[PDB]
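Chemist: Have a look at the structure that comes next, please.
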Amino acid sequence: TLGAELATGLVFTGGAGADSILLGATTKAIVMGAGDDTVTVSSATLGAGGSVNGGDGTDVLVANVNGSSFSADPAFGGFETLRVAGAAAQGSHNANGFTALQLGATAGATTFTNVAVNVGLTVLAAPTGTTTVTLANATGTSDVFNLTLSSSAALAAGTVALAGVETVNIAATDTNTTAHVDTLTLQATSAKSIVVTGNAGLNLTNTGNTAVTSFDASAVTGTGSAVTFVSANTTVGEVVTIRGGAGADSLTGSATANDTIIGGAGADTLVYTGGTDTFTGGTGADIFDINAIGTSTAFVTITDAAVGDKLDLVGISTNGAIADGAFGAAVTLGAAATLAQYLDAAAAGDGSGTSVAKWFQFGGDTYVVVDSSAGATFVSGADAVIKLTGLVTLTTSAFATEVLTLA
Ligand SMILES: [Sr+2]
Ligand SMILES: [Sr+2]
Ligand SMILES: [Sr+2]
Ligand SMILES: [Sr+2]
Ligand SMILES: [Sr+2]
Ligand SMILES: [Sr+2]
Ligand SMILES: [Sr+2]
Ligand SMILES: [Sr+2]
Ligand SMILES: [Sr+2]
Ligand SMILES: [Sr+2]
Ligand SMILES: [Sr+2]
Ligand SMILES: [Sr+2]
Ligand SMILES: [Sr+2]
Ligand SMILES: [Sr+2]
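Okay, so the sequence shown: first residue is 620 according to UniProt numbering, each after it adds one.
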């Protein structure tokens, strides 16, 4: 490995090993030989008589230039991977003739054009400006892209634009054993499925990705691999599924969607914003953050509330705050009582001054109500109802700053 750029008149001959050099506008026939070599160019066009061959092996050409189109230049050959990285790396780079793409530190926004099918991008260092991946042919109905984040420490991959791609696979990969969390802003307006894998966290900014109906990070491993996702789906009556991984995840649906959110292992936070949502915390002390009231027929159902889990109701205390204390006895009615009668009994009091919380059990499930209205009738859209699937006792569970911790 030589770190200083070779003089343009200097001949370099690599061997059967993995050699790495920097070139300018060379006037000589540079040969890298066998092995997986790496060549970093500071000029897209070599000098008169100059050429560089990557030789046998899987060879990396690093474009430290503002724009490149190496498949058009016969002076370059034998390079399988194209990396855009360097203090001058920038502009639009032709991916034709390359089977893999890489991205490092850059001087400004980078675009990969003519990206062939089954060609992935690996981000190795924080780039500058938006990275745009333009597929050679995105006309298909089922286009897939494999984006990889690979780093030893936390990697801010920046904004990556994948237009016309229907499935985005994101690998958040840690090369050492110390837990870290990557960040990424995904612009993929045609994506319907996002799948996250790897052994590192991912805080994914998802703004504008309105077609996603599936976020699957269930394969992510590592207790420290925190995954953060906020759904952007705005389709009326849409079904959306959001799965966390092994990490302490923060998963948020959308008000318009019927979100199925599954936290997986770890201390997960599942945020309810509206619709008919289904929350499964999984193992671990999970938090169900209730930020919208919902309606009497479109509310959240928590499938696995257990001792240790919490129920955050700060967002739904329309009037004042829910008083701190242990939950009293459940509301109990007659043998033929309906859910509507249970709802009215829970909301029979006056919540206009300060919202009150009550609970009951009906049909084999447990319900939590927040009454914020003076009337004796449950008011849909003003008073809230939360459903817990099993019969769970909330008698010894206490409210602390509007958070109920199951005991
Ligand atoms: Sr070599
Ligand atoms: Sr080689
Ligand atoms: Sr070429
Ligand atoms: Sr080669
Ligand atoms: Sr090539
Ligand atoms: Sr497409
Ligand atoms: Sr690490
Ligand atoms: Sr929802
Ligand atoms: Sr999790
Ligand atoms: Sr969990
Ligand atoms: Sr749990
Ligand atoms: Sr909240
Ligand atoms: Sr309040
Ligand atoms: Sr009331």
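Every residue gets a Cβ at the ideal spot worked out from N, C-alpha and C, and that includes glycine.
1) Have a look at residue 619 and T760 and give me their C-alpha separation to the nearest angstrom.
2) Do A791 and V815 count as a contact pair if the criterion is CB distance below 8 Å?
3) Please classify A845: does DSSP put it in a helix, a strand, or coil?
4) Considering only the alpha carbon of each residue, which of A965, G739, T632 lies closest to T951?
5) Just the residues with CB closer than 5 Å to a heavy atom of ligand 8, in chain order, which are they?
6) Going by Cα to Cα distance, which pick from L932, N715, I649 is closest to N756?
7) Quick check on this structure: which residue in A886, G982, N877, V855 has the alpha carbon closest to the alpha carbon of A865?
8) Please tell me whether, using a cut-off of 7 Å, the distance from the CB of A653 to the nearest non-hydrogen atom of ligand 2 is below it.
9) Is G759 close to ligand 6? I mean its beta-carbon at under 7 Å from any heavy atom of the ligand.
10) Any idea what DSSP makes of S992, helix, strand or coil?
11) What are the residues that DSSP puts in a beta bridge with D896?
12) Determine the burial state of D943: buried for a count of at least 16 other Cβ atoms within 10 Å of its Cβ, exposed for fewer.
13) From what residue to what residue does the beta strand (DSSP E) around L720 run?
14) Check whether the Cβ atoms of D990 and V1004 sit closer than 8 Å, and answer yes or no.
15) Give me, in chain order, the residues of the same chain whose beta-carbon lies closer than 6 Å to that of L766; leave out the 5 immediate sequence neighbours on both sides.
16) Is the beta carbon of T659 closer than 8 Å to that of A644?
17) Leaving out five residues before and five after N828 in sequence, what residues of the same chain have Cβ atoms less than 7 Å from its Cβ?
18) Going residue by residue through the region 963-1016, where are the continuous beta strand (DSSP E) segments of at least 3 residues, counting only ones entirely within it?
19) Which runs of the beta strand (DSSP E) fall wholly inside the region 649-724 and span at least 3 residues, in chain order?
20) When the Cα atoms are used, what is the spatial distance from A1001 to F834?
21) What are the partner residues of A790, as DSSP defines its beta bridges?
22) Between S915, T916, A954, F907, which lies nearest to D931 when the distance is taken from Cα to Cα?
23) Between the beta-carbon of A948 and the beta-carbon of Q980, is there less than 8 Å?
24) Does the Cβ of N795 have 16 or more other Cβ atoms within 10 Å, making it buried, or fewer, making it exposed?
25) By the three-class DSSP mapping on this structure, what secondary structure does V1022 have?
26) Where does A682 land, buried or exposed, given buried means 16+ other C-beta within 10 angstroms?
27) For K929, which beta-bridge partners are listed by DSSP?
28) From the DSSP output, in three-state form, read off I941 for me.
29) Looking at the structure shown, is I935 part of a helix, part of a strand, or coil, going by DSSP?
30) For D878, which residues does DSSP report across the bridge?
31) Taking only heavy atoms of ligand 12 into account, decide whether any of them is closer than 7 Å to the Cβ of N822.
32) Could you check whether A911 and residue 614 sit closer than 8 Å to each other, using their CB atoms as the reference points?
33) Taking the DSSP output, what are the residues bridged to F834?
34) Taking the alpha carbon of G727 as the point to measure from, which residue in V738, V736, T750 has its own alpha carbon closest?
35) Please name the residue, chosen from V839, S688, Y891, that lies closest to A867 on a Cα-to-Cα basis.
36) Given a cut-off of 8 Å, decide if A775 and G843 are closer than it, judged by their beta-carbon atoms.
Modeler: Quick look at the numbers:
1) No information on residue 619 is available, as it lies outside the stretch 620 to 1026 that the chain covers here.
2) Position 196 of the sequence shown, counted from the start, is the residue given in the question as residue 815. Position 172 of the sequence shown, counted from the start, is the residue given in the question as residue 791. Yes, Cβ-Cβ distance for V815 and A791 is below 8 Å.
3) Within the sequence shown, numbered from 1, the residue matching residue 845 stands at position 226. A845: coil per DSSP, three-state reduction.
4) Numbered from its first residue, the sequence shown carries residue 951 at position 332. Looking at the Cα atoms, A965 is the closest of the given residues.
5) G872, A876, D878, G894, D896
6) Counting from one through the sequence shown, the residue named residue 756 turns up at place 137. Closest option to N756, Cα to Cα, is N715.
7) Walking along the sequence shown from the start, residue 865 turns up at place 246. Looking at the Cα atoms, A886 is the closest of the given residues.
8) In the sequence shown, counting from the first residue as 1, residue 653 sits at position 34. Yes.
9) On the sequence shown, position 140 is the one that residue 759 refers to. Yes, the Cβ of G759 comes within 7 Å of a heavy atom of ligand 6.
10) The residue labelled residue 992 in the question sits at position 373 within the sequence shown. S992: coil per DSSP, three-state reduction.
11) As a first step, residue 896 is located in the sequence shown; it is residue number 277 there, counting from the start. Looking at the DSSP assignment, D896 forms a beta bridge with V919.
12) Counting from 1 along the sequence shown, the entry for residue 943 is found at position 324. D943 comes out exposed.
13) Mapped onto the sequence shown, residue 720 falls at position 101. Looking at the DSSP string, the run of the beta strand (DSSP E) that includes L720 is 719-722.
14) In the sequence shown, residue 990 corresponds to position 371, counting from 1. In the sequence shown, residue 1004 corresponds to position 385, counting from 1. In this structure, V1004 does not lie closer than 8 Å to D990 by Cβ.
15) Along the sequence shown, read from residue 1 onward, the residue named residue 766 stands at position 147. Hits under 6 Å: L740, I789.
16) Position 25 of the sequence shown holds residue 644. Position 40 of the sequence shown holds residue 659. Not a contact, by the Cβ cut-off of 8 Å.
17) Working through the sequence shown from its first residue, we reach residue 828 at position 209. Excluding residues within five positions, the ones whose Cβ falls inside 7 Å are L805, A807, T808, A810, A851.
18) 975-981, 984-990, 1003-1007
19) 657-660, 670-672, 679-682, 685-687, 700-703, 709-713, 719-722
20) The count along the sequence shown starts at 1 and reaches residue 1001 at position 382. The count along the sequence shown starts at 1 and reaches residue 834 at position 215. In a straight line, the C-alpha of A1001 is about 31 Å away from that of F834.
21) For the purposes of this step, residue 790 is taken as the residue at position 171 of the sequence shown. Paired residues: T767, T816.
22) Walking along the sequence shown from the start, residue 931 turns up at place 312. Of the candidates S915, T916, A954, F907, the one whose C-alpha sits nearest the C-alpha of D931 is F907.
23) For the purposes of this step, residue 948 is taken as the residue at position 329 of the sequence shown. For the purposes of this step, residue 980 is taken as the residue at position 361 of the sequence shown. No. Outside cutoff.
24) Working through the sequence shown from its first residue, we reach residue 795 at position 176. So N795 counts as exposed.
25) Working through the sequence shown from its first residue, we reach residue 1022 at position 403. Three-state DSSP puts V1022 in a strand.
26) As a first step, residue 682 is located in the sequence shown; it is residue number 63 there, counting from the start. Label assigned to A682: buried.
27) Translated into the one-based positions of the sequence shown, residue 929 becomes position 310. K929 is bridged to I906, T1024.
28) The residue you call residue 941 lines up with position 322 of the sequence shown. In this structure, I941 counts as coil in the three-state DSSP scheme.
29) Here residue 935 refers to the residue found at position 316 when the sequence shown is read from its first residue. Helix, per DSSP.
30) On the sequence shown, residue 878 is found 259 positions in, with the first residue counted as 1. Answer is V859, bridged to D878.
31) In the sequence shown, residue 822 corresponds to position 203, counting from 1. No - ligand 12 has no heavy atom lying nearer than 7 Å to the Cβ of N822.
32) This structure gives no information on residue 614, because the portion of the chain shown stretches from 620 to 1026.
33) Residue 834 sits at position 215 when you count from the first residue of the sequence shown. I813, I861, per the DSSP bridge assignment.
34) Residue mapping note: residue 727 aligns to position 108 of the sequence shown, counting from 1. Answer by Cα proximity: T750.
35) Here residue 867 corresponds to residue number 248 of the sequence shown, with the count starting at 1. Comparing Cα-Cα distances from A867 to each of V839, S688, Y891, the minimum goes to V839.
36) The residue you call residue 843 lines up with position 224 of the sequence shown. The residue you call residue 775 lines up with position 156 of the sequence shown. Cβ atoms of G843 and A775: not closer than 8 Å.
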